[PDB]
């Protein structure tokens with residue numbers, strides 16, 4: 001049961017980094033998470049309009065998780081699939097998968113959840129229209 | 001329900017680091033995972049006997065996940081709860097929770113899973129006796 | 001000539017972390033810099049009064065550098081020497097050295113330079129009295 | 001005295017990452033160093049032949065330093081200039097500068113030094129011909 005390129009709507013390429021490999025020769029399992037919210041926020045920055053610097057509205061990570069199938073190593077060229085699952089109105093949930101360039105099978109694959117808040121108060125908010133617009137653009 | 005200090009068998013203290021705090025003031029959600037397998041492996045190193053540098057046997061992270069309840073920021077003094085859930089014989093599952101010093105409530109809390117393999121072949125193996133001994137030592 | 005514990009006025013202990021070790025077994029050369037401004041800012045926070053979250057005044061790193069003498073690896077217990085070299089009035093220069101516990105010889109050793117600015121304008125400022133007080137406290 | 005695109009021979013583009021920004025909104029000064037040896041080793045991997053996994057021969061960082069001129073922030077598109085200064089025969093010295101895409105002026109700029117060794121012994125060695133070949137290819 002290993003995810004596939006075509007199950008995902010948006011694709012970020014990310015350059016790997018020397019100190020991505022951990023001591024056993026392969027990208028540390030933690031790094032995948034960094035690849036996630038990079039992948040996400042990049043999309044959010046360029047399309048949702050936020051404005052992190054910036055924004056009166058910001059997303060927060062309340063939970064995440066990831067499953068690892070095959071190893072990847074610097075310097076290889078990883079690239080990140082992205083698609084939205086559930087989606088409340090102060091809240092969302094993404095599905096990420098990392099693919100090696102030219103492979104149908106995901107290398108690992110995971111999910112996490114954003115909760116949008118007012119920056120100052122950290123109190124939940126409706127997803128403003130422009131975010132919601134681009135967010136929805138990734139719904140299955 | 002937000003986990004509690006006494007539900008956990010082993011305790012690693014970890015110094016937070018300047019660049020732990022992300023752009024919105026608080027320790028990045030990713031860092032938690034770093035705190036996990038630090039917390040784990042540290043115990044593994046000192047009590048399972050491995051031997052990561054030298055070990056013919058090494059652990060791999062095949063999945064992990066985490067839920068976040070309250071924010072923490074450098075320079076505060078986090079400290080990490082640890083306990084084993086399930087436990088096969090080439091395989092294990094930890095349950096981690098991070099605690100601010102002193103608070104009864106976990107700040108976030110998560111789990112992940114080790115698979116022990118022969119370093120060279122990366123083929124699964126029986127948990128050698130010393131590991132299994134200290135691992136089991138954390139069983140509920 | 002390899003620096004020595006007694007040449008340094010303040011001492012931060014820092015827990016090493018699993019993914020500190022790079023692919024060749026030893027704490028990545030980059031991590032040292034992380035250890036620096038952790039070591040610094042920690043002292044700054046607790047004794048200069050800033051206040052990074054809240055501070056109208058913040059420090060910026062305009063240059064740094066480091067020389068490496070002996071390797072260190074998670075899980076060993078490094079610990080960080082600190083002292084001030086030069087010291088203008090909107091500007092300062094620290095000298096850091098990392099020590100294995102206990103060794104008289106520094107493992108690596110480096111320096112870097114803070115420039116205090118008004119957070120908003122990022123325009124240079126006089127070091128406010130409390131900072132200057134604790135800063136000077138580390139002058140040779 | 002701020003470096004210029006045309007003073008450098010090779011150019012790595014590197015994607016920035018969410019947790020590159022530190023607490024004051026801009027890429028942490030430590031990250032530049034990660035950008036350095038990424039930039040380097042990538043070139044070394046694809047052209048010097050090593051083989052880090054791999055190699056009986058590996059490079060080590062004995063010193064580095066960096067000067068910061070202008071700030072950069074995720075998600076902007078940084079990209080790394082690269083050119084060799086000095087060059088012994090067990091030893092080398094690179095000059096790095098980071099450029100924002102479409103700027104003549106470097107954002108920061110730095111140097112560091114490799115020392116090649118036999119992996120196992122960590123004892124110096126002559127730069128094998130293929131490395132030396134591509135290394136030299138970057139001499140002023």
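Each reported figure results from applying straightforward, stated rules to the coordinates on display, with no laboratory input. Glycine also receives a Cβ, built like all others from the backbone with ideal geometry; neighbour counts cover every protein chain displayed.
Some observations on this one:
- Selection from the range D:101-133 of residues that are closer than 30 Å to residue D:72 by Cβ and surrounded by fewer than 16 Cβ atoms within 10 Å (Cβ to Cβ): D:101, D:102, D:103, D:104, D:105
- Highlighted here are the strands (runs of 3 or more DSSP E) found entirely within the range B:4-92 that include at least 1 residues which are surrounded by 21 or more Cβ atoms within 10 Å (Cβ to Cβ) and within 14 Å of chain A (Cβ to nearest Cβ): B:57-68.
- Top-ranked residue in the range A:110-140 [being assigned to a strand (DSSP E or B) and in contact with a helix residue (DSSP H, G or I) (Cβ under 9 Å, 6 or more places away or on another chain); ranked as nearest to residue A:69 (Cα to Cα)]: A:110
- Residue among A:96, A:100 that alone is within 27 Å of residue A:1 (Cβ to Cβ) and either in contact (Cβ under 8 Å) with a residue 40 or more places away in the chain or in contact with a helix residue (DSSP H, G or I) (Cβ under 8 Å, 6 or more places away or on another chain) (or both): A:96
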